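There are 2 protein chains.
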Amino acid sequence: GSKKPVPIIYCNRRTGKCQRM
Amino acid sequence: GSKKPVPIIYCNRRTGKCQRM
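Chains A and P are the protein sequences, given in the same order. In case it helps, our numbering puts the first sequence at residues 4 to 24. In case it helps, our numbering puts the second sequence at residues 4 to 24.
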């Protein structure tokens, strides 16, 4: 319940990946 | 100057702040 309610992510173009916080 | 083209940010609710990558 830390990233579910809050759509906080970070896509690192360097590695072409994205995840939630 | 890489986050300009790519709208990659990260708002840390913990500190209630958001910035670009």
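All residues carry an ideal CB built from backbone N, CA and C; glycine is no exception.
Quick one: give me the first and last residue of the beta strand (DSSP E) that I12/A is part of.
Start at 1 with the first residue of the first sequence, and residue 12/A comes out as number 9. Segment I12 to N15, the beta strand (DSSP E) holding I12/A.
Excluding five sequence neighbours on each side, which residues of the same chain lie with their C-beta closer than 6 Å to the C-beta of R23/P?
The residue given as residue 23/P occupies position 20 in the second sequence. Only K6 and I12 meet the Cβ criterion.
Checking contacts by CB at 8 Å: is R23/A closer than that to chain P?
Counted from its first residue, the first sequence places residue 23/A at position 20. No, its Cβ sits nowhere closer than 8 Å to a Cβ of chain P.
Just to confirm before moving on: does the CB-CB distance between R17/A and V9/P stay below 8 Å?
Here residue 17/A refers to the residue found at position 14 when the first sequence is read from its first residue. Here residue 9/P refers to the residue found at position 6 when the second sequence is read from its first residue. The answer is no: Cβ separation not under 8 Å.
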